[PDB]
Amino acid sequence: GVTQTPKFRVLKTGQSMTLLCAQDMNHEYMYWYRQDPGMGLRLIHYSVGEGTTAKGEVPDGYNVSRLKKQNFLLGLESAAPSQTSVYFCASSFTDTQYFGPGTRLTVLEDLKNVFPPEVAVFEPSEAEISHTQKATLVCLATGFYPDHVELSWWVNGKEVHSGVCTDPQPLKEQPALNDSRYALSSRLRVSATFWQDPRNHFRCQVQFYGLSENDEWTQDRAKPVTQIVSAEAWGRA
């Protein structure tokens, strides 16, 4: 299918980056789109074949090259906060477009706004267990910025989706401030019997996408790099 790198990027204003799209489906046609809240995917550039490209709806501030038929590069030479967006590459045999997974870019004036999540797990209410014979664990990811997290539950070593609900989008911790830090909550609900067995290891895993180890950091607090933060609990009776 269609792949892209990177998945996530933080840039300071003025900085450069490249997004690579690749497909091995022998598609002649490739497309770069940006998606922003409350509007259709907007086409930036496209290519009809190797060594040719053409302007889409919103070409300004972006360059592209089609090296071979398999590859399509998008360049940002001087990143502007307006380029904060999700970039999707796509390819077609004729008209039907298949999308890559997307690249979430955040462009900031200052990288000292970047914070990894603090992650805590809260154990089920006894009241819930006695009333329902069920047990809801809550995981909170808090104080993170930008909105670049993937929350997963892992029970006794295995990623679980059953009994899980993660907010589809994070809360601002201060809806007022434009650069508000975020929170995200997830629930894992299990039988009260499964919870009451201490052989059972519940882990909330939050992949955060922040700065590269390469980025300059002078501040006292730990450099907010790409990292996984976990919090865990064990069953009890």
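One rule holds for the numbers: they count along the sequence shown, beginning at 1.
Trainee: Using the B-factors recorded in the PDB entry, average over the C-alpha atoms of 133 to 141 and of 84 to 92, then report which stretch comes out higher.
Mentor: The entry gives the higher C-alpha B-factor average to 133 to 141.
Trainee: Which has the higher mean CA temperature factor in the PDB entry, 186 to 194 or 201 to 209?
Mentor: According to the PDB entry, the answer is 186 to 194.
Trainee: For the CA B factor values reported in this entry, which option in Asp167, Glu126, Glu118, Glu150 has the top one?
Mentor: Among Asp167, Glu126, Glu118, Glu150, the highest C-alpha B-factor in the entry belongs to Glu126.
Trainee: Among the modelled residues of its chain, does the C-alpha B-factor of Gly235 lie in the lowest, middle or highest third?
Mentor: CA B-factor rank for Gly235: highest third.
Trainee: Could you place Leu19 in the lowest, middle or highest third of its chain by Cα temperature factor, using the values in the record?
Mentor: It falls in the bottom third of the chain.
Trainee: So where's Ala222 on the chain's Cα temperature factor ranking, which third?
Mentor: For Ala222, the deposited C-alpha B-factor lands in the highest third.
Trainee: Sorting by Cα B-factor within the chain, modelled residues only, which third would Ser78 end up in: lowest, middle or highest?
Mentor: Answer is highest: the recorded C-alpha B-factor places it there.
Trainee: Hey, what third does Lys55 fall into on Cα B-factor, ranked over its chain?
Mentor: Highest third of the chain for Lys55's C-alpha B-factor.
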